[PDB]
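Trainee: take a look and give me a structure for this.
(chains A, B and C, ligands or ions: 1)
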Amino acid sequence: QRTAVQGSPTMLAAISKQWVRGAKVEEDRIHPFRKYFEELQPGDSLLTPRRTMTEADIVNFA
Amino acid sequence: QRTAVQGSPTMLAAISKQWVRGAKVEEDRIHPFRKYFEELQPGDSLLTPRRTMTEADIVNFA
Amino acid sequence: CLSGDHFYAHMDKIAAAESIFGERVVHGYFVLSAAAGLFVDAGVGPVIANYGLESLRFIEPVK
Ligand SMILES: CCCCCCCC(=O)SCCNC(=O)CCNC(=O)[C@H](O)C(C)(C)COP(=O)(O)OP(=O)(O)OC[C@H]1O[C@@H](n2cnc3c(N)ncnc32)[C@H](O)[C@@H]1OP(=O)(O)O
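Mentor: Residues are numbered from 1 along each chain as shown, chains lettered A, B, ... in the order given. The relevant structure is shown in the block below.
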């Protein structure tokens, strides 16, 4: 049965057992590439440090 | 005997047979890396050419 | 160096021998970047923007 489930994205994430687009995140102080498959939860996020794009970046990549 | 020798750094260089911080220098038109050990004097200096630090230098070194 | 991707299968010689690949392999994003280095015209033409990428799969490793 094809059901169109509505609701908040943090609700659709827990319904679908995935992470969708605007759901809440589980930032837990260690890098998710260190976790094995069984301890990765859908929602395990990571806020990386920034990087300033410069003209030298464009030159070196081109 | 431990002796605190006061004086100018260009005098402490000649006393200590070393170079100090503000002693006189012996710039002699050839490179001190070309000299052997016996013809290196403490005070043989070299004023190098310049290099302008840019954002591309930071990017390429990082 | 440029991308910043210092993954062990690319920058380590020991762990790449212990990995699934056998030795150090080229980055997949460098295959993707050097490809666009090969097929893109430099001159001004009808092509305007990159707009996205549809469906990428890396099949065999590049050494
Ligand atoms: C940067 C973010 C990630 C961080 C980690 C970085 C790691 C790296 O940088 S590695 C960089 C280089 N990349 C690689 O070398 C990728 C290696 N290639 C592979 O995927 C390997 O086949 C391997 C062994 C790892 C897994 O493949 P394997 O499952 O054993 O068999 P395979 O035949 O490839 O099938 C898997 C996928 O390949 C695709 N595929 C295989 N053959 C074909 C083909 N002829 N045509 C189209 N697609 C194909 C399939 O679509 C399949 O995908 P799907 O999930 O849709 O079914």
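
Trainee: for chain A, which segments count as helices?
Mentor: All helices of chain A, identified by DSSP state H, fall at A:9-16, A:55-61.

Trainee: how about chain C?
Mentor: C:8-11, C:14-17, C:28-39.

Trainee: distance of the residue most central in space within chain A relative to residue A:27?
Mentor: Centroid-nearest residue in chain A: residue A:45, 4.7 Å away (criterion: C-alpha atoms, centre = their mean). As judged by C-beta to C-beta, to the nearest Å, residue A:45 and residue A:27 stand 5 Å apart. Bear in mind the C-beta positions are built from the backbone N, C-alpha and C, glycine included.

Trainee: now do the same contact list for residue 56.
Mentor: With no chain named, the answer covers chain A. For residue A:56, the contact set (C-beta atoms under 8 Å, 6 or more residues apart in numbering or on different chains) comprises B:55, B:56, B:59, B:60.

Trainee: nope, chain C
Mentor: residue C:32.

Trainee: do the same with the one 5 residues further on
Mentor: Counting by C-beta under 8 Å, 6+ apart, residue C:61 touches C:21, C:25, C:26.

Trainee: just the buried ones from those?
Mentor: Burial by neighbour count, 16 or more other C-beta atoms under 10 Å in any protein chain shown: within those this picks out residue C:25.

Trainee: need the contacts of residue C:61 in a markdown table with distance to residue C:54, can you?
Mentor: Compiled in a markdown table, the contacts of residue C:61 are given as follows (distance: C-beta to C-beta, whole Å):
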| residue | distance to residue C:54 |
| --- | --- |
| C:21 | 26 |
| C:25 | 24 |
| C:26 | 22 |
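
Trainee: out of the contacts of residue C:61, which is nearest to chain B?
Mentor: Distances from chain B to those, taken as C-beta to the nearest C-beta, are shortest for residue C:26 (21.3 Å).
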